[PDB]
Amino acid sequence: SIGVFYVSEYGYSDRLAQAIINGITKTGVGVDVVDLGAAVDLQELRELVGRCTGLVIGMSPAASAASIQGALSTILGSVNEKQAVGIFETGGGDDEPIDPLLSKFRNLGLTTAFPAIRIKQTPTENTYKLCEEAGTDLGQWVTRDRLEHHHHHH
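Rules and cut-offs
- Residues numbered from 1 in each chain as written, not as in the entry; some residues may be left out.
- Heavy atoms only, no water.
- UniProt positions renumbered as here; feature names shortened; annotations may be inferred.
- Helix = DSSP H or I, 4+ residues; strand = E, 2+ residues; numbered from the N terminus.
- Pairing = 2+ DSSP bridges.
- Right-handed = clockwise from strand over helix to strand, strands pointing away.
- Buried < 20%, exposed > 50% of the residue type's maximum accessible area, 1.4 Å probe, protein only.

By the method listed in its record, solution NMR, this PDB entry was determined.

A. Summary view of the UniProt feature "domain: Flavodoxin-like" in the protein. UniProt records the feature "domain: Flavodoxin-like" for residues 2-146 in the present numbering. For residues 2-146, helix accounts for 51% and strand for 12%, while the C-alpha atoms at its two ends are 12 Å apart.

B. Quick look at the pairing of strand β4 (residues 84-87). Sheet topology places strand β3 (residues 54-57) next to β4; four bridges connect them, and they run parallel. Pairing of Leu-55 across the sheet is with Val-85, part of β4. Running through helix α3 (residues 62-78), the crossover from β3 to the neighbouring parallel element β4 is right-handed. Where β4 lies against strand β5 (residues 111-112), two bridges are found, and the strand directions are parallel.

C. Structural context of unusual backbone geometry. With phi around 50 degrees, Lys-120 is a residue other than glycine that occupies positive phi space. Residue position: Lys-120 is located in the loop between β5 and α5 (125-146). Phi angles above zero are rare outside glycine, and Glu-148 is one such case at about 60 degrees. Following the sequence through the fold, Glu-148 ends up in the segment after α5. Of the residues examined, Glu-148 reaches a relative accessible area of 55% and is grouped as exposed.

Below you can see the structure in the form of structure tokens.
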């Protein structure tokens, strides 16, 4: 549940993803992993279909943006309705084409997370503290919503 899109190679993105997945698994849920800057293949998109109930996106590096162009088209076909998109700031250095895509999240009105503004460029310990907390907090939305609220007596 909740597909975190990260990069195992470039920057701390993989370690940030670890903070998210482990923070939520430790609580007791289970987070999905997808490398937006490495393992971008049909196998990732296949999982995105079933796990489409929640997504998480970090920064948009130019080098990775070139590999996202194709998959992005397939994503637009899979995701719909009002699902979760954990957009978290972690590096002040994007690529211009990001804004046109942000306009989509804006207009379509998807469930966005805590929006920060330009964290220098290099992810710091603070970034981990935001990733874990905001990620878990987003998961707390998905769980209550998809558990049908009164579907579990307590």
